[PDB]
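Visitor: Sending over model02.txt (compact mmCIF, N, CA and C atoms and all ligand atoms).
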# COMPACT_ATOMS: atom_id res chain seq x y z
N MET O 1 95.05 -32.95 -64.59
CA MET O 1 95.23 -31.94 -65.67
C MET O 1 96.46 -31.07 -65.43
N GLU O 2 97.25 -30.87 -66.48
CA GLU O 2 98.45 -30.05 -66.39
C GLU O 2 98.04 -28.61 -66.14
N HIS O 3 98.70 -27.96 -65.18
CA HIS O 3 98.39 -26.58 -64.83
C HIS O 3 99.19 -25.55 -65.62
N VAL O 4 98.65 -25.13 -66.76
CA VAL O 4 99.28 -24.13 -67.60
C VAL O 4 98.19 -23.25 -68.20
N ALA O 5 98.32 -21.95 -68.02
CA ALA O 5 97.34 -21.00 -68.53
C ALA O 5 97.56 -20.57 -69.98
N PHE O 6 96.46 -20.51 -70.72
CA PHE O 6 96.50 -20.07 -72.10
C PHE O 6 97.13 -18.69 -72.12
N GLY O 7 98.06 -18.47 -73.05
CA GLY O 7 98.71 -17.17 -73.15
C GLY O 7 99.87 -16.95 -72.20
N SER O 8 100.24 -17.98 -71.44
CA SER O 8 101.35 -17.85 -70.50
C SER O 8 102.64 -17.46 -71.21
N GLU O 9 103.32 -16.45 -70.68
CA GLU O 9 104.56 -15.94 -71.27
C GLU O 9 105.66 -16.96 -71.55
N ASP O 10 105.80 -17.96 -70.69
CA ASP O 10 106.82 -18.99 -70.88
C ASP O 10 106.21 -20.34 -71.24
N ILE O 11 105.07 -20.30 -71.93
CA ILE O 11 104.38 -21.51 -72.32
C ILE O 11 105.22 -22.48 -73.16
N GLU O 12 106.11 -21.95 -74.01
CA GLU O 12 106.94 -22.81 -74.85
C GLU O 12 107.94 -23.64 -74.06
N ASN O 13 108.42 -23.12 -72.93
CA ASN O 13 109.36 -23.85 -72.09
C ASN O 13 108.63 -24.98 -71.41
N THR O 14 107.46 -24.67 -70.89
CA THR O 14 106.64 -25.63 -70.18
C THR O 14 106.23 -26.81 -71.07
N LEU O 15 105.79 -26.52 -72.29
CA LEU O 15 105.36 -27.59 -73.19
C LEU O 15 106.49 -28.39 -73.81
N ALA O 16 107.72 -27.91 -73.69
CA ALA O 16 108.86 -28.63 -74.27
C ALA O 16 109.10 -29.96 -73.56
N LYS O 17 108.59 -30.08 -72.34
CA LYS O 17 108.78 -31.30 -71.55
C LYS O 17 107.65 -32.31 -71.74
N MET O 18 106.55 -31.87 -72.34
CA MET O 18 105.39 -32.74 -72.53
C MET O 18 105.37 -33.64 -73.76
N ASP O 19 104.95 -34.88 -73.54
CA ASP O 19 104.82 -35.87 -74.60
C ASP O 19 103.38 -35.73 -75.09
N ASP O 20 103.03 -36.44 -76.16
CA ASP O 20 101.68 -36.34 -76.71
C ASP O 20 100.60 -36.61 -75.66
N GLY O 21 100.91 -37.46 -74.70
CA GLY O 21 99.96 -37.81 -73.65
C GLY O 21 99.67 -36.71 -72.65
N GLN O 22 100.70 -35.98 -72.23
CA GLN O 22 100.51 -34.90 -71.27
C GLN O 22 99.89 -33.70 -71.97
N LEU O 23 100.14 -33.59 -73.27
CA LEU O 23 99.60 -32.50 -74.07
C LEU O 23 98.08 -32.62 -74.08
N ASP O 24 97.58 -33.85 -73.98
CA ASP O 24 96.14 -34.09 -73.97
C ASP O 24 95.52 -33.61 -72.67
N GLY O 25 96.36 -33.33 -71.68
CA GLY O 25 95.86 -32.87 -70.40
C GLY O 25 95.67 -31.37 -70.27
N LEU O 26 96.01 -30.62 -71.32
CA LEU O 26 95.85 -29.16 -71.30
C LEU O 26 94.38 -28.75 -71.31
N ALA O 27 94.09 -27.54 -70.85
CA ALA O 27 92.72 -27.03 -70.81
C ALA O 27 92.33 -26.34 -72.12
N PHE O 28 93.27 -26.30 -73.07
CA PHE O 28 93.03 -25.68 -74.36
C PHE O 28 93.62 -26.51 -75.49
N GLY O 29 93.20 -26.19 -76.71
CA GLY O 29 93.70 -26.91 -77.87
C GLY O 29 95.14 -26.52 -78.11
N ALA O 30 95.92 -27.47 -78.60
CA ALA O 30 97.33 -27.27 -78.90
C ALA O 30 97.68 -28.07 -80.14
N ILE O 31 98.27 -27.39 -81.11
CA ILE O 31 98.68 -27.99 -82.38
C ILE O 31 100.13 -27.58 -82.60
N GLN O 32 100.97 -28.54 -82.97
CA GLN O 32 102.36 -28.22 -83.24
C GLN O 32 102.54 -28.43 -84.74
N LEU O 33 103.07 -27.41 -85.41
CA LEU O 33 103.29 -27.46 -86.85
C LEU O 33 104.78 -27.31 -87.12
N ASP O 34 105.23 -27.80 -88.27
CA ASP O 34 106.63 -27.66 -88.64
C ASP O 34 106.59 -26.40 -89.50
N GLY O 35 107.73 -25.99 -90.03
CA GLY O 35 107.77 -24.78 -90.85
C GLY O 35 106.86 -24.73 -92.07
N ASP O 36 106.46 -25.89 -92.58
CA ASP O 36 105.60 -25.91 -93.76
C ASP O 36 104.12 -26.03 -93.44
N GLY O 37 103.76 -26.05 -92.16
CA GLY O 37 102.36 -26.17 -91.80
C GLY O 37 101.87 -27.59 -91.58
N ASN O 38 102.80 -28.54 -91.50
CA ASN O 38 102.41 -29.94 -91.27
C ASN O 38 102.16 -30.17 -89.78
N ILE O 39 101.11 -30.91 -89.46
CA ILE O 39 100.78 -31.18 -88.06
C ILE O 39 101.64 -32.29 -87.46
N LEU O 40 102.35 -31.96 -86.38
CA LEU O 40 103.22 -32.91 -85.68
C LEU O 40 102.53 -33.43 -84.42
N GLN O 41 101.74 -32.56 -83.80
CA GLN O 41 100.99 -32.89 -82.59
C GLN O 41 99.63 -32.21 -82.64
N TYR O 42 98.66 -32.79 -81.94
CA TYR O 42 97.30 -32.26 -81.96
C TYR O 42 96.60 -32.89 -80.76
N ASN O 43 96.38 -32.12 -79.70
CA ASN O 43 95.76 -32.66 -78.51
C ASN O 43 94.25 -32.89 -78.52
N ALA O 44 93.78 -33.52 -77.44
CA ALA O 44 92.38 -33.86 -77.29
C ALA O 44 91.44 -32.67 -77.21
N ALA O 45 91.88 -31.60 -76.55
CA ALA O 45 91.05 -30.41 -76.43
C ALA O 45 90.74 -29.84 -77.81
N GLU O 46 91.73 -29.86 -78.69
CA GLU O 46 91.57 -29.36 -80.05
C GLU O 46 90.58 -30.27 -80.79
N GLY O 47 90.69 -31.58 -80.58
CA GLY O 47 89.76 -32.50 -81.22
C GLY O 47 88.33 -32.23 -80.77
N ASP O 48 88.15 -31.78 -79.53
CA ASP O 48 86.82 -31.48 -79.01
C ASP O 48 86.26 -30.23 -79.67
N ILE O 49 87.15 -29.29 -79.97
CA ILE O 49 86.74 -28.04 -80.60
C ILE O 49 86.49 -28.20 -82.09
N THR O 50 87.42 -28.86 -82.78
CA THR O 50 87.30 -29.04 -84.22
C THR O 50 86.54 -30.29 -84.65
N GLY O 51 86.38 -31.23 -83.73
CA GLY O 51 85.67 -32.46 -84.04
C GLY O 51 86.50 -33.46 -84.82
N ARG O 52 87.77 -33.14 -85.05
CA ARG O 52 88.65 -34.04 -85.78
C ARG O 52 89.39 -34.97 -84.83
N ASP O 53 89.58 -36.21 -85.26
CA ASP O 53 90.28 -37.18 -84.45
C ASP O 53 91.79 -36.94 -84.55
N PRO O 54 92.44 -36.64 -83.42
CA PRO O 54 93.87 -36.37 -83.32
C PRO O 54 94.81 -37.24 -84.15
N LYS O 55 94.80 -38.54 -83.90
CA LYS O 55 95.68 -39.46 -84.63
C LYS O 55 95.47 -39.44 -86.14
N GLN O 56 94.33 -38.95 -86.59
CA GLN O 56 94.06 -38.93 -88.02
C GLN O 56 94.52 -37.70 -88.78
N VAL O 57 94.83 -36.62 -88.06
CA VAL O 57 95.27 -35.40 -88.70
C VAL O 57 96.78 -35.22 -88.71
N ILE O 58 97.46 -35.86 -87.78
CA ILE O 58 98.91 -35.74 -87.71
C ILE O 58 99.53 -36.20 -89.02
N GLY O 59 100.40 -35.35 -89.57
CA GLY O 59 101.06 -35.65 -90.82
C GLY O 59 100.42 -34.89 -91.96
N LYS O 60 99.20 -34.42 -91.73
CA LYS O 60 98.44 -33.68 -92.72
C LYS O 60 98.80 -32.21 -92.64
N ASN O 61 98.68 -31.51 -93.77
CA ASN O 61 98.98 -30.08 -93.80
C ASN O 61 97.79 -29.29 -93.30
N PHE O 62 98.04 -28.52 -92.26
CA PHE O 62 97.03 -27.71 -91.61
C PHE O 62 96.32 -26.67 -92.49
N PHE O 63 97.06 -26.00 -93.37
CA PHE O 63 96.48 -24.95 -94.22
C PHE O 63 95.86 -25.42 -95.53
N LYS O 64 96.37 -26.53 -96.05
CA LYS O 64 95.89 -27.07 -97.30
C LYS O 64 94.81 -28.13 -97.12
N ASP O 65 95.04 -29.05 -96.19
CA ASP O 65 94.11 -30.15 -95.96
C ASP O 65 93.13 -30.03 -94.80
N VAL O 66 93.64 -29.71 -93.62
CA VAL O 66 92.81 -29.65 -92.43
C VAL O 66 91.99 -28.40 -92.18
N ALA O 67 92.64 -27.24 -92.11
CA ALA O 67 91.93 -25.99 -91.83
C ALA O 67 92.00 -24.96 -92.95
N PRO O 68 91.38 -25.25 -94.10
CA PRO O 68 91.41 -24.30 -95.21
C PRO O 68 90.85 -22.92 -94.87
N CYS O 69 89.97 -22.82 -93.88
CA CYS O 69 89.46 -21.50 -93.55
C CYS O 69 90.59 -20.62 -93.01
N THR O 70 91.71 -21.25 -92.66
CA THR O 70 92.86 -20.53 -92.12
C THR O 70 93.83 -20.13 -93.22
N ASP O 71 93.59 -20.61 -94.44
CA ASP O 71 94.45 -20.25 -95.55
C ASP O 71 94.06 -18.84 -96.00
N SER O 72 94.56 -17.85 -95.29
CA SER O 72 94.26 -16.45 -95.59
C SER O 72 95.35 -15.56 -94.99
N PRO O 73 95.40 -14.29 -95.42
CA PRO O 73 96.43 -13.39 -94.88
C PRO O 73 96.35 -13.19 -93.35
N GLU O 74 95.15 -13.33 -92.79
CA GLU O 74 94.94 -13.14 -91.36
C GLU O 74 95.45 -14.28 -90.47
N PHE O 75 95.57 -15.47 -91.03
CA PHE O 75 96.06 -16.61 -90.25
C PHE O 75 97.36 -17.13 -90.86
N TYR O 76 97.23 -17.85 -91.96
CA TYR O 76 98.36 -18.42 -92.68
C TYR O 76 99.43 -17.36 -92.99
N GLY O 77 98.99 -16.14 -93.29
CA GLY O 77 99.90 -15.06 -93.62
C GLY O 77 100.80 -14.68 -92.46
N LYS O 78 100.23 -14.67 -91.26
CA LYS O 78 100.99 -14.31 -90.07
C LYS O 78 101.95 -15.44 -89.71
N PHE O 79 101.56 -16.66 -90.06
CA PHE O 79 102.36 -17.84 -89.79
C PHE O 79 103.57 -17.86 -90.70
N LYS O 80 103.33 -17.70 -92.00
CA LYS O 80 104.40 -17.72 -92.98
C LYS O 80 105.38 -16.59 -92.71
N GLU O 81 104.86 -15.46 -92.24
CA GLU O 81 105.71 -14.32 -91.94
C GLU O 81 106.59 -14.64 -90.75
N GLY O 82 106.01 -15.33 -89.77
CA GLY O 82 106.75 -15.70 -88.58
C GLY O 82 107.83 -16.73 -88.83
N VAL O 83 107.52 -17.76 -89.61
CA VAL O 83 108.50 -18.80 -89.90
C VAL O 83 109.71 -18.20 -90.60
N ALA O 84 109.46 -17.43 -91.66
CA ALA O 84 110.54 -16.80 -92.42
C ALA O 84 111.36 -15.85 -91.56
N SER O 85 110.69 -15.18 -90.63
CA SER O 85 111.35 -14.23 -89.74
C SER O 85 112.08 -14.95 -88.60
N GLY O 86 111.70 -16.20 -88.35
CA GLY O 86 112.33 -16.96 -87.29
C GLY O 86 111.83 -16.55 -85.92
N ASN O 87 110.70 -15.84 -85.91
CA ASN O 87 110.09 -15.36 -84.67
C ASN O 87 108.59 -15.27 -84.86
N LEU O 88 107.83 -15.68 -83.86
CA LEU O 88 106.38 -15.64 -83.95
C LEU O 88 105.73 -15.65 -82.58
N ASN O 89 104.88 -14.66 -82.33
CA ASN O 89 104.18 -14.56 -81.06
C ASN O 89 103.01 -13.60 -81.20
N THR O 90 101.89 -14.12 -81.71
CA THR O 90 100.70 -13.32 -81.93
C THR O 90 99.43 -14.02 -81.44
N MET O 91 98.46 -13.21 -81.02
CA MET O 91 97.19 -13.70 -80.51
C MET O 91 96.07 -12.87 -81.15
N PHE O 92 94.99 -13.54 -81.54
CA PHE O 92 93.86 -12.89 -82.20
C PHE O 92 92.65 -13.81 -82.21
N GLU O 93 91.48 -13.24 -82.49
CA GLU O 93 90.27 -14.03 -82.56
C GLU O 93 90.03 -14.43 -84.01
N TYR O 94 89.40 -15.58 -84.20
CA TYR O 94 89.12 -16.07 -85.53
C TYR O 94 87.91 -16.96 -85.44
N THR O 95 87.28 -17.23 -86.57
CA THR O 95 86.10 -18.08 -86.57
C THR O 95 86.41 -19.29 -87.40
N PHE O 96 86.30 -20.47 -86.78
CA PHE O 96 86.55 -21.77 -87.40
C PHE O 96 85.24 -22.23 -88.03
N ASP O 97 85.22 -22.42 -89.35
CA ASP O 97 83.98 -22.80 -90.02
C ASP O 97 84.02 -23.82 -91.14
N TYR O 98 85.11 -24.55 -91.28
CA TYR O 98 85.17 -25.55 -92.33
C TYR O 98 84.59 -26.87 -91.83
N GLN O 99 83.44 -27.24 -92.39
CA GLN O 99 82.73 -28.47 -92.04
C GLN O 99 82.36 -28.55 -90.56
N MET O 100 82.11 -27.40 -89.94
CA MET O 100 81.74 -27.38 -88.54
C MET O 100 80.91 -26.15 -88.21
N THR O 101 80.18 -26.21 -87.11
CA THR O 101 79.36 -25.08 -86.70
C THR O 101 80.29 -23.91 -86.48
N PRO O 102 80.05 -22.78 -87.18
CA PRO O 102 80.92 -21.61 -87.01
C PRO O 102 81.25 -21.39 -85.55
N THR O 103 82.53 -21.50 -85.21
CA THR O 103 82.96 -21.35 -83.83
C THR O 103 83.99 -20.23 -83.66
N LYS O 104 83.71 -19.30 -82.76
CA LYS O 104 84.62 -18.20 -82.50
C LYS O 104 85.67 -18.69 -81.50
N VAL O 105 86.93 -18.42 -81.79
CA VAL O 105 88.00 -18.86 -80.91
C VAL O 105 89.10 -17.82 -80.76
N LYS O 106 89.92 -18.02 -79.75
CA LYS O 106 91.06 -17.15 -79.52
C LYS O 106 92.23 -18.02 -79.95
N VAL O 107 93.07 -17.47 -80.83
CA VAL O 107 94.23 -18.19 -81.32
C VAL O 107 95.50 -17.53 -80.83
N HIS O 108 96.47 -18.36 -80.48
CA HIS O 108 97.76 -17.87 -80.02
C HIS O 108 98.80 -18.70 -80.73
N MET O 109 99.59 -18.06 -81.59
CA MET O 109 100.65 -18.74 -82.32
C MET O 109 101.97 -18.28 -81.74
N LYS O 110 102.87 -19.22 -81.51
CA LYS O 110 104.16 -18.87 -80.95
C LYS O 110 105.20 -19.92 -81.31
N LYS O 111 106.41 -19.45 -81.61
CA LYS O 111 107.52 -20.33 -81.97
C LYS O 111 107.85 -21.22 -80.78
N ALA O 112 108.04 -22.51 -81.05
CA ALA O 112 108.37 -23.45 -79.99
C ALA O 112 109.83 -23.23 -79.63
N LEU O 113 110.28 -23.86 -78.55
CA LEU O 113 111.67 -23.71 -78.13
C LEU O 113 112.53 -24.51 -79.10
N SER O 114 111.91 -25.51 -79.72
CA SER O 114 112.59 -26.38 -80.68
C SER O 114 113.05 -25.64 -81.92
N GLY O 115 113.66 -26.38 -82.84
CA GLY O 115 114.16 -25.79 -84.07
C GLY O 115 113.11 -25.21 -85.00
N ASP O 116 112.62 -26.03 -85.92
CA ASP O 116 111.61 -25.61 -86.88
C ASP O 116 110.22 -26.11 -86.51
N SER O 117 109.71 -25.65 -85.37
CA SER O 117 108.39 -26.05 -84.91
C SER O 117 107.67 -24.85 -84.31
N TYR O 118 106.36 -24.79 -84.52
CA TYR O 118 105.56 -23.68 -84.03
C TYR O 118 104.27 -24.19 -83.39
N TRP O 119 103.81 -23.45 -82.39
CA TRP O 119 102.61 -23.80 -81.66
C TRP O 119 101.42 -22.92 -82.02
N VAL O 120 100.25 -23.55 -82.09
CA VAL O 120 98.99 -22.87 -82.33
C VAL O 120 98.13 -23.31 -81.15
N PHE O 121 97.76 -22.36 -80.29
CA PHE O 121 96.94 -22.66 -79.13
C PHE O 121 95.56 -22.10 -79.40
N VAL O 122 94.54 -22.89 -79.12
CA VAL O 122 93.17 -22.50 -79.36
C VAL O 122 92.25 -22.64 -78.15
N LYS O 123 91.43 -21.64 -77.91
CA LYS O 123 90.47 -21.74 -76.82
C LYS O 123 89.20 -21.04 -77.24
N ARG O 124 88.08 -21.50 -76.69
CA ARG O 124 86.78 -20.94 -77.00
C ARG O 124 86.63 -19.55 -76.37
N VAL O 125 85.89 -18.67 -77.05
CA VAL O 125 85.67 -17.32 -76.55
C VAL O 125 84.17 -17.01 -76.54
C1 LIG Y 1 89.23 -23.11 -90.43
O1 LIG Y 1 89.04 -24.01 -91.26
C2 LIG Y 1 89.72 -23.40 -89.02
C3 LIG Y 1 89.98 -24.49 -88.32
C4 LIG Y 1 89.71 -25.93 -88.64
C5 LIG Y 1 90.20 -26.87 -87.70
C6 LIG Y 1 90.03 -28.25 -87.91
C7 LIG Y 1 89.35 -28.69 -89.05
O2 LIG Y 1 89.19 -29.88 -89.25
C8 LIG Y 1 88.85 -27.79 -89.99
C9 LIG Y 1 89.04 -26.42 -89.78
Turn this file's structure into structure tokens for me.
Guide:
Amino acid sequence: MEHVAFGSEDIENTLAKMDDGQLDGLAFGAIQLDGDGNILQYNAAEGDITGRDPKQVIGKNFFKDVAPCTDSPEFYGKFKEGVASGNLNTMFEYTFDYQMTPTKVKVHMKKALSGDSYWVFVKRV
């Protein structure tokens, strides 16, 4: 298992070296979205939390298709604000409840080191 702590200050640098396979080795869920909310990456830990099969969600829009409970000012709103601002680094609790047992989680969104890509890190609370 890759040794990286949720919420680590330089997490974006560390994950820039990881391929989809090493990303599956994290202790928390990790989703990479492009500026429009499309899923580029989605690790195994996230699949365990959301129950969705990784390879099947990639390419799908996170706010419209996959996680509609996140289509709100509290989640999607902070994301859209961050993309347009070109900066994003926020953490908060949220409850995941679309087609799944209501699950409380800690979310951490942060701009990737890459160009137009952003990270959503998820862990159980
Ligand atoms: C609200 O809907 C939050 C998260 C979420 C994640 C994965 C899937 O499939 C649905 C919903």
Visitor: Grab me every residue within 6.5 Å of ligand LIG 1 (chain Y), counting all atoms listed in the file, and send it over as a ChimeraX atom specification.
Guide: /O:50-52,66-71,95-99
Visitor: Report, in Å with one decimal, the straight-line distance from atom C of residue 65 of chain O to atom CA of residue 4 of chain O.
Guide: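 Atom-to-atom, atom C of residue 65 of chain O to atom CA of residue 4 of chain O, that is 28.5 Å.
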Visitor: Looking at O:1, O:112, O:73, O:122, which one is nearest to residue 14 of chain O, with distances taken over only C-alpha atoms?
Guide: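 Nearest to residue 14 of chain O: O:112.
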Visitor: So which bits of chain O end up strand (DSSP E or B) when you DSSP the backbone, as an NGL selection string?
Guide: :O and (29-34 or 38-42 or 61 or 89-96 or 103-111 or 117-124)
Visitor: Which residue, O:101, O:43, O:86, O:63, has the smallest gap to residue 22 of chain O when you use all atoms listed in the file?
Guide: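 Result for the nearest residue to residue 22 of chain O: O:43.
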Visitor: Could you check how far atom CA of residue 23 of chain O sits from atom CA of residue 81 of chain O, in Å to one decimal?
Guide: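 Answer for the atom CA of residue 23 of chain O to atom CA of residue 81 of chain O separation: 26.2 Å.
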Visitor: Report the residues of chain O whose backbone DSSP state falls under helix (DSSP H, G or I), written as an mmCIF file with N, CA and C atoms, in the frame of the given file.
Guide:
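Listing of part21.cif after writing:
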data_model
loop_
_atom_site.group_PDB
_atom_site.id
_atom_site.type_symbol
_atom_site.label_atom_id
_atom_site.label_comp_id
_atom_site.auth_asym_id
_atom_site.auth_seq_id
_atom_site.Cartn_x
_atom_site.Cartn_y
_atom_site.Cartn_z
ATOM 1 N N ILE O 11 105.070 -20.300 -71.930
ATOM 2 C CA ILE O 11 104.380 -21.510 -72.320
ATOM 3 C C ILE O 11 105.220 -22.480 -73.160
ATOM 4 N N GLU O 12 106.110 -21.950 -74.010
ATOM 5 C CA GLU O 12 106.940 -22.810 -74.850
ATOM 6 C C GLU O 12 107.940 -23.640 -74.060
ATOM 7 N N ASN O 13 108.420 -23.120 -72.930
ATOM 8 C CA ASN O 13 109.360 -23.850 -72.090
ATOM 9 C C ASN O 13 108.630 -24.980 -71.410
ATOM 10 N N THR O 14 107.460 -24.670 -70.890
ATOM 11 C CA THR O 14 106.640 -25.630 -70.180
ATOM 12 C C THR O 14 106.230 -26.810 -71.070
ATOM 13 N N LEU O 15 105.790 -26.520 -72.290
ATOM 14 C CA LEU O 15 105.360 -27.590 -73.190
ATOM 15 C C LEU O 15 106.490 -28.390 -73.810
ATOM 16 N N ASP O 20 103.030 -36.440 -76.160
ATOM 17 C CA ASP O 20 101.680 -36.340 -76.710
ATOM 18 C C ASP O 20 100.600 -36.610 -75.660
ATOM 19 N N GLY O 21 100.910 -37.460 -74.700
ATOM 20 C CA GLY O 21 99.960 -37.810 -73.650
ATOM 21 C C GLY O 21 99.670 -36.710 -72.650
ATOM 22 N N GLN O 22 100.700 -35.980 -72.230
ATOM 23 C CA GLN O 22 100.510 -34.900 -71.270
ATOM 24 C C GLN O 22 99.890 -33.700 -71.970
ATOM 25 N N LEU O 23 100.140 -33.590 -73.270
ATOM 26 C CA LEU O 23 99.600 -32.500 -74.070
ATOM 27 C C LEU O 23 98.080 -32.620 -74.080
ATOM 28 N N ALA O 44 93.780 -33.520 -77.440
ATOM 29 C CA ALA O 44 92.380 -33.860 -77.290
ATOM 30 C C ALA O 44 91.440 -32.670 -77.210
ATOM 31 N N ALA O 45 91.880 -31.600 -76.550
ATOM 32 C CA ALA O 45 91.050 -30.410 -76.430
ATOM 33 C C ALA O 45 90.740 -29.840 -77.810
ATOM 34 N N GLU O 46 91.730 -29.860 -78.690
ATOM 35 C CA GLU O 46 91.570 -29.360 -80.050
ATOM 36 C C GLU O 46 90.580 -30.270 -80.790
ATOM 37 N N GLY O 47 90.690 -31.580 -80.580
ATOM 38 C CA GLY O 47 89.760 -32.500 -81.220
ATOM 39 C C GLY O 47 88.330 -32.230 -80.770
ATOM 40 N N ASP O 48 88.150 -31.780 -79.530
ATOM 41 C CA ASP O 48 86.820 -31.480 -79.010
ATOM 42 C C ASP O 48 86.260 -30.230 -79.670
ATOM 43 N N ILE O 49 87.150 -29.290 -79.970
ATOM 44 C CA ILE O 49 86.740 -28.040 -80.600
ATOM 45 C C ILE O 49 86.490 -28.200 -82.090
ATOM 46 N N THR O 50 87.420 -28.860 -82.780
ATOM 47 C CA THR O 50 87.300 -29.040 -84.220
ATOM 48 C C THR O 50 86.540 -30.290 -84.650
ATOM 49 N N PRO O 54 92.440 -36.640 -83.420
ATOM 50 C CA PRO O 54 93.870 -36.370 -83.320
ATOM 51 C C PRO O 54 94.810 -37.240 -84.150
ATOM 52 N N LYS O 55 94.800 -38.540 -83.900
ATOM 53 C CA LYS O 55 95.680 -39.460 -84.630
ATOM 54 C C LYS O 55 95.470 -39.440 -86.140
ATOM 55 N N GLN O 56 94.330 -38.950 -86.590
ATOM 56 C CA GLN O 56 94.060 -38.930 -88.020
ATOM 57 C C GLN O 56 94.520 -37.700 -88.780
ATOM 58 N N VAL O 57 94.830 -36.620 -88.060
ATOM 59 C CA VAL O 57 95.270 -35.400 -88.700
ATOM 60 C C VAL O 57 96.780 -35.220 -88.710
ATOM 61 N N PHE O 62 98.040 -28.520 -92.260
ATOM 62 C CA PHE O 62 97.030 -27.710 -91.610
ATOM 63 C C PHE O 62 96.320 -26.670 -92.490
ATOM 64 N N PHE O 63 97.060 -26.000 -93.370
ATOM 65 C CA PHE O 63 96.480 -24.950 -94.220
ATOM 66 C C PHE O 63 95.860 -25.420 -95.530
ATOM 67 N N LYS O 64 96.370 -26.530 -96.050
ATOM 68 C CA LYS O 64 95.890 -27.070 -97.300
ATOM 69 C C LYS O 64 94.810 -28.130 -97.120
ATOM 70 N N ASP O 65 95.040 -29.050 -96.190
ATOM 71 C CA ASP O 65 94.110 -30.150 -95.960
ATOM 72 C C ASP O 65 93.130 -30.030 -94.800
ATOM 73 N N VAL O 66 93.640 -29.710 -93.620
ATOM 74 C CA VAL O 66 92.810 -29.650 -92.430
ATOM 75 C C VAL O 66 91.990 -28.400 -92.180
ATOM 76 N N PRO O 68 91.380 -25.250 -94.100
ATOM 77 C CA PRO O 68 91.410 -24.300 -95.210
ATOM 78 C C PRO O 68 90.850 -22.920 -94.870
ATOM 79 N N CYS O 69 89.970 -22.820 -93.880
ATOM 80 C CA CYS O 69 89.460 -21.500 -93.550
ATOM 81 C C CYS O 69 90.590 -20.620 -93.010
ATOM 82 N N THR O 70 91.710 -21.250 -92.660
ATOM 83 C CA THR O 70 92.860 -20.530 -92.120
ATOM 84 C C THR O 70 93.830 -20.130 -93.220
ATOM 85 N N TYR O 76 97.230 -17.850 -91.960
ATOM 86 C CA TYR O 76 98.360 -18.420 -92.680
ATOM 87 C C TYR O 76 99.430 -17.360 -92.990
ATOM 88 N N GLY O 77 98.990 -16.140 -93.290
ATOM 89 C CA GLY O 77 99.900 -15.060 -93.620
ATOM 90 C C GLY O 77 100.800 -14.680 -92.460
ATOM 91 N N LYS O 78 100.230 -14.670 -91.260
ATOM 92 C CA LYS O 78 100.990 -14.310 -90.070
ATOM 93 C C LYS O 78 101.950 -15.440 -89.710
ATOM 94 N N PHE O 79 101.560 -16.660 -90.060
ATOM 95 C CA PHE O 79 102.360 -17.840 -89.790
ATOM 96 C C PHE O 79 103.570 -17.860 -90.700
ATOM 97 N N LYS O 80 103.330 -17.700 -92.000
ATOM 98 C CA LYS O 80 104.400 -17.720 -92.980
ATOM 99 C C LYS O 80 105.380 -16.590 -92.710
ATOM 100 N N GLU O 81 104.860 -15.460 -92.240
ATOM 101 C CA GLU O 81 105.710 -14.320 -91.940
ATOM 102 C C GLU O 81 106.590 -14.640 -90.750
ATOM 103 N N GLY O 82 106.010 -15.330 -89.770
ATOM 104 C CA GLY O 82 106.750 -15.700 -88.580
ATOM 105 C C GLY O 82 107.830 -16.730 -88.830
ATOM 106 N N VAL O 83 107.520 -17.760 -89.610
ATOM 107 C CA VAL O 83 108.500 -18.800 -89.900
ATOM 108 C C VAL O 83 109.710 -18.200 -90.600
ATOM 109 N N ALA O 84 109.460 -17.430 -91.660
ATOM 110 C CA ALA O 84 110.540 -16.800 -92.420
ATOM 111 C C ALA O 84 111.360 -15.850 -91.560
ATOM 112 N N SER O 85 110.690 -15.180 -90.630
ATOM 113 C CA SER O 85 111.350 -14.230 -89.740
ATOM 114 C C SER O 85 112.080 -14.950 -88.600
#
Visitor: May I ask which of the residues O:3, O:64, O:16, O:53 is the closest one to residue 28 of chain O, counting only C-alpha atoms?
Guide: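 Nearest candidate to residue 28 of chain O out of O:3, O:64, O:16, O:53: O:3.
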Visitor: Around (94.0, -30.3, -81.4), as given in the file, which residues come within 6 Å? Count only C-alpha atoms and list them as a ChimeraX atom specification.
Guide: /O:29-31,42-47
Visitor: Just the number, please: distance in Å from atom CA of residue 35 of chain O to atom N of residue 83 of chain O, one decimal.
Guide: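 Atom N of residue 83 of chain O lies at a distance of 7.1 Å from atom CA of residue 35 of chain O.
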Visitor: In terms of the shortest atom-to-atom distance over only C-alpha atoms, which of O:88, O:100, O:105, O:11 is closest to residue 26 of chain O?
Guide: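 Ranking O:88, O:100, O:105, O:11 by distance to residue 26 of chain O, first place goes to O:11.
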Visitor: Under the rule that only C-alpha atoms are counted, which of O:56, O:72, O:41, O:103 is the nearest residue to residue 118 of chain O?
Guide: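 Closest to residue 118 of chain O of all the choices is O:41.
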Visitor: Extract, using all atoms listed in the file, all DNA, RNA and protein residues at most 6.5 Å from residue 110 of chain O, discarding same-chain residues fewer than 2 positions from it, and format them as a compact mmCIF listing (two decimals) with N, CA and C atoms, in the frame of the given file.
Guide:
# COMPACT_ATOMS: atom_id res chain seq x y z
N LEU O 88 107.83 -15.68 -83.86
CA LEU O 88 106.38 -15.64 -83.95
C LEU O 88 105.73 -15.65 -82.58
N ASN O 89 104.88 -14.66 -82.33
CA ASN O 89 104.18 -14.56 -81.06
C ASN O 89 103.01 -13.60 -81.20
N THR O 90 101.89 -14.12 -81.71
CA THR O 90 100.70 -13.32 -81.93
C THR O 90 99.43 -14.02 -81.44
N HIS O 108 96.47 -18.36 -80.48
CA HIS O 108 97.76 -17.87 -80.02
C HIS O 108 98.80 -18.70 -80.73
N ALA O 112 108.04 -22.51 -81.05
CA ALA O 112 108.37 -23.45 -79.99
C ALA O 112 109.83 -23.23 -79.63
N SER O 117 109.71 -25.65 -85.37
CA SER O 117 108.39 -26.05 -84.91
C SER O 117 107.67 -24.85 -84.31
N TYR O 118 106.36 -24.79 -84.52
CA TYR O 118 105.56 -23.68 -84.03
C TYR O 118 104.27 -24.19 -83.39
N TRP O 119 103.81 -23.45 -82.39
CA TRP O 119 102.61 -23.80 -81.66
C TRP O 119 101.42 -22.92 -82.02
N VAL O 120 100.25 -23.55 -82.09
CA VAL O 120 98.99 -22.87 -82.33
C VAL O 120 98.13 -23.31 -81.15
N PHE O 121 97.76 -22.36 -80.29
CA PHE O 121 96.94 -22.66 -79.13
C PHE O 121 95.56 -22.10 -79.40
